[PDB]
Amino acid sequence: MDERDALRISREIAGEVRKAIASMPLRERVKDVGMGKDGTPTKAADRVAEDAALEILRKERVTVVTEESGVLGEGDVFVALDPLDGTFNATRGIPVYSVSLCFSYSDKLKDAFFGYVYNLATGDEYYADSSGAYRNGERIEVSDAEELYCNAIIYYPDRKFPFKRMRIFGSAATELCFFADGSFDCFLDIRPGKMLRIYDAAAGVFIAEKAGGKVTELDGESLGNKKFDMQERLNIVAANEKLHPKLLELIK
């Protein structure tokens, strides 16, 4: 498979996935209807999203890692896919939830070759191949923010914070693309329990990085050997190369 393929497939699934949900009333979205392989409940939207996202990516040959359905496939290539990031927003009809496909030639994040987040309430499009990162056709790049008094997104503020502004929108995938295009000066998942799964942020990272971004763990060590498995989880700090050492500093 090629990085051109991933778009092709990512865009099919995005369209399919968007519509299934578009036609599903908020009353219908919020009903729990099962429990996921991830060990969390399944909402009705989640259900339809998966099934849509999974009718396509099963037509292909990959090893796709998902929530409701666990690890399926034998494929050479691994896809960390979430067909509806921010279910609570969707369930609410609050327009911050997307599809998030991340493909890799190997088992680890290091061998990522395409990232793709699509807002299914807006139809906004974020992806990145080996030729940059884009927000709907035009290429993106992070931000020259040099100091901490900056517009940041954080999970979760616990005390005094120098930031120009903080935000929590409810879609870490989406959010990580908010960073990537200059909207925010960083992303922060500092939740000591470490509660971000690979399908949760694998993509978002990739594009942020492709947009020129310092995206690491709490210790600033690489994320490269993160796993397309269900038990993989991560904390996240992301900013431009020159901001990072301070927030690293800062929250240390």
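From 1 onward, residues are counted along the sequence shown.
Of the two segments examined, 7-15 and 235-243, it is 235-243 that shows the higher average Cα temperature factor in the deposited entry. Legend: mean Cα B-factor per stretch from the PDB entry, 20-28 versus 225-233; the higher mean is in 20-28. Listed residues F78, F114, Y126, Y156 were ranked by CA B-factor as deposited; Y156 comes out on top. The PDB entry gives the largest Cα B-factor of the residues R58, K37, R197, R191 to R58. Residue-level temperature factors show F178 in the lowest third of its chain, judged at the C-alpha atom. Among the modelled residues of the chain, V99 sits in the lowest third by CA temperature factor in this PDB entry. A53: CA B factor in the highest third of modelled residues in this chain (values from the PDB entry). Residue-level temperature factors show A44 in the lowest third of its chain, judged at the C-alpha atom. In the deposited entry, the Cα temperature factor of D85 places it in the lowest third of its chain's modelled residues.
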